[PDB]
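Quick heads-up: it's one chain on its own, the form deposited in one PDB entry, in structure tokens.
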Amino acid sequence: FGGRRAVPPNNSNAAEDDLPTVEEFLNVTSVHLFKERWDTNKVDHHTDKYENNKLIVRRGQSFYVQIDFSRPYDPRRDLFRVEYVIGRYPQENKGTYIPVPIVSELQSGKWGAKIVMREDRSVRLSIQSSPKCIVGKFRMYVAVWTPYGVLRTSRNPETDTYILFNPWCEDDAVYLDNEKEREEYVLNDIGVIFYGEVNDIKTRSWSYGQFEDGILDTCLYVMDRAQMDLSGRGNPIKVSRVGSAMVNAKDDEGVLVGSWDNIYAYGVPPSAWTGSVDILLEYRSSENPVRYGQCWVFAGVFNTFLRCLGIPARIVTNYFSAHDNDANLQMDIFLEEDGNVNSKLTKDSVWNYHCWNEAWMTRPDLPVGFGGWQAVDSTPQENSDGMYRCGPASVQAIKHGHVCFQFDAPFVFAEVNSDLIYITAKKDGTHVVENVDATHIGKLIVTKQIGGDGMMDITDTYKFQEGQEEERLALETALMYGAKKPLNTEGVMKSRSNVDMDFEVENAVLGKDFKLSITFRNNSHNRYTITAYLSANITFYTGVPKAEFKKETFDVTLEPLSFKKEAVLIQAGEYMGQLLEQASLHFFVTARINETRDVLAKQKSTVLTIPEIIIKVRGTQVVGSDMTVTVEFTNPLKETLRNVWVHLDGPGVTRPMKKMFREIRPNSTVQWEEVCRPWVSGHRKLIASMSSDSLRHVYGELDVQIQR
């Protein structure tokens, strides 16, 4: 029936059919998967770290199982085979129903088994899985082909077996050829998210926690909620392409609700989150989108999803990101007739930093050469389909402008290759392009280094160094495939009468004043008069201004070779009042060389140094033994913070925790003593954060070393 299709879609790893026990000789008393987390199997499969009771193993690699019989296995007349099935509608044709046959010799990526030793009643087999196997939780049944009918085992929940990707197996589409890379990109459950701005790069630890109790199952849960076809779950392109779309909630849909309002009335403010665990568990339990996440939060969660299933993944930060670009390689900045920054239209904003992920895999859907790191960005933005995550887009294709190859490459290409165009919004409704900035746009792309907590400059992966031939070509190539530069930048724009002008912003602290030094370097043998303008705005990290806080203006003169340094002083009581969550200010320093009428423009942004939370541990750093932990946060502002949430986190040390303090008087210090009883050995981190209805985006971490 259902003229649509013979058997209904097999899309729930949770739905299960029960295979018939009896459609005759030999019957299995017991099956012995050599589970145990210190045992050969999990260990050799690099799955020993999952807090999981069932056997977890990796596709394309063998494992041992011992089947116990009612009487010696007799190789002459006795015949049996293992079965692996998934979904409510297996179909051997589709990979959901898999019969492992007892064979002589195991060969290249082909399901198979070998009696590796047989004794009184027990055969120890070495079963191998196919490197293209589907990823999920399978059911195992041992069948015996009696001449009358096949009689198989019963539904035994204790034999459920998970099969994950295997970055270690050379035939797996997700194979990382380096061990160091595999520990970092797959095995590490802690990571670092780089934020702030290029000149003042800040960092913060995040608990990926892929091995934490219940994550594996919820990742499977995610795909089910996505009705993801089971035969697709063994393909990296689709897992990631589908997973990435569930991360951000489209009303009731995905995992996290996005929010960039400095309030966060009904959820946990994005800045609060210490890791993924907290979020995924809440999702599963609630079966509803978690309240409030933002760009680096979406990447943190998605990175858990990839590393848990076994796909090599990493979080990347782009400095000065052209998100919401619609494939335009030009961001507009509108100027006033005189030269001041116009604000009627200057709605487009660059992000101080933007976080997206990179997943490792091959691309057999593309020419050979585009495999490796694929950029996937769960933070939606309009693409060909309409406001969705973007990618996988091959980084290597991004780099050379082959934006015609799939998964939204152009929208991820324009994020790191746009030109700033400064235009004059004249009177007669006309516009004139003054100057163009081709270098602000994707200054630094960074990711946590394999070594430890340092940053790693991966900029050259997405782009070539400026002025070199290829760079001009890559850009001109992307333009052939749909990327657009609408404002013809006719010919040249400026010359600056070779008047140079920069300006450093002394990185201050919350509440402190700081100076903003402006600099003109007259390189010519002439005298020029300049009317430079200063516009300082309070902005969200996305670059959306909340209000302009200081708008000074300078007449300055540069005689032939007159290098003249002008200086402003930003006053604490001036910004302190309207500051937003990340404490970033943005400045616009435009200018007009009155002689030639060369508008000069530069902009930068700065973040106010908010200070660390202090975590200190007293006690015995030994697994299974109490350890006391102290989080100490000192209210830096001279104002009282109210309803202060402090969060302690640490994979292997504690389940994420929260506590509240009604208030914290100005300049006061609070203390939180919490005992943790670890279960993981080695290098671990405690992670902390603080959020109050006033200030937030404060963190702290400590690397403790534990043993047994």
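Don't overthink the numbering: it's just position in the shown sequence, from 1.
Quick note: we don't show the form solved in complex with a partner chain, though the next part is all about it.
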| item | value |
| --- | --- |
| Answer range among 289-297, 70-78, 614-622, 442-450 for contact with the partner chain, defined in the bound PDB entry as heavy atoms within 4.5 Å | 289-297 |
| Position in contact with the partner chain when the complex is considered in the bound PDB entry, options 348, 224, 217, 282, heavy atoms within 4.5 Å | 348 |
| Interface residue in the bound PDB entry among 333, 86, 134, 589, criterion: non-hydrogen atom within 4.5 angstroms of the partner chain | 333 |
| Partner contact for residue 633 in the bound PDB entry: the partner chain, 4.5 angstroms, heavy atom | no |
| Proximity of residue 352 to the partner chain in the bound PDB entry, heavy atoms at 4.5 Å | yes |
| Residue contact check: residue 570 to the partner chain in the bound PDB entry, 4.5 Å heavy atom | no |
| Exercise: residue 206 in contact with the partner chain in the bound PDB entry, heavy atom 4.5 Å | no |
